[PDB]
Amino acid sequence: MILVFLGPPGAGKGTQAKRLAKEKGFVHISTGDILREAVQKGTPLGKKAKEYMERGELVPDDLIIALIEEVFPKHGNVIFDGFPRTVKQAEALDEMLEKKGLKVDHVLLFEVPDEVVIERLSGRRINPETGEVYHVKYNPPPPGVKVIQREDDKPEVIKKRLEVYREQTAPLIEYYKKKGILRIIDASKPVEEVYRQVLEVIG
């Protein structure tokens, strides 16, 4: 089974993907996580990607498409989390999978309104030792635990990211809907409720 998690930044896609991977044994492919590691390690990919990410822009398609070929597993069910983000990326994924006799089985669209997006992202915090994601209101870090705020979770970058999402990524809704594989998730609900809907949708 191959899943794609699609939707505005802050919808809770990462959070749900991590849970589903941990509990059901999917391979979680987070382009954001992988890129952040690349930036940290100072790889050719990292150095090139860094500025796009800090500015809230998408990293160029060719780099991401290569990244996906590099990390796609020989076996296992997969969650694509934050990929694809453009039509060109979605077409390259279809091609890549077709060559492997595979296809996207479900595209879960995590719907949230802008107000919730801003609230979720502005409050997002990361434990730098473990990568665990918290929220200052909805899931605060344990007392005493040091966390950081991502530079792209600052207000003006969130604004850019949402524009970029609406411009480049939202067309994917129609792209996948035509194929009859688009599943709507009400991502504005609490985490446990969203996860139950994720499980129902994928059977």
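Here the rigid core means the biggest group of C-alpha atoms that line up within 1.5 Å when the two forms are laid on top of each other. In this text, residue numbers run from 1 along the sequence as written.
Put simply, when the other structures in 8 other deposited structures of this protein are lined up on the rigid core, the C-alpha atoms of 121-129 lie farther off than those of the other stretch, from 93-101 and 121-129. In summary, of the stretches 138-146 and 172-180, 138-146 shows the greater Cα distance from the shown form in 8 other deposited structures of this protein, with structures fitted on the rigid core. Higher mean CA B-factor, judged across 25-33 and 170-178 from the recorded values: 170-178. Of the two stretches examined, 45-53 and 141-149, the record assigns the greater average C-alpha temperature factor to 141-149.
For the set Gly101, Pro73, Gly123, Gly82, the maximum C-alpha B-factor listed in the entry falls on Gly82. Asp61: CA B factor in the lowest third of modelled residues in this chain (values from the PDB entry). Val4 sits in the middle third of its chain by CA B factor, as recorded in the PDB entry. In this PDB entry, the Cα temperature factor of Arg161 sits in the middle third of its chain's modelled residues. Sort the modelled residues of the chain by CA B factor and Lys189 lands in the highest third.
Per the deposited record, the Cα B-factor of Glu115 falls in the middle third when ranked against the other modelled residues of its chain.
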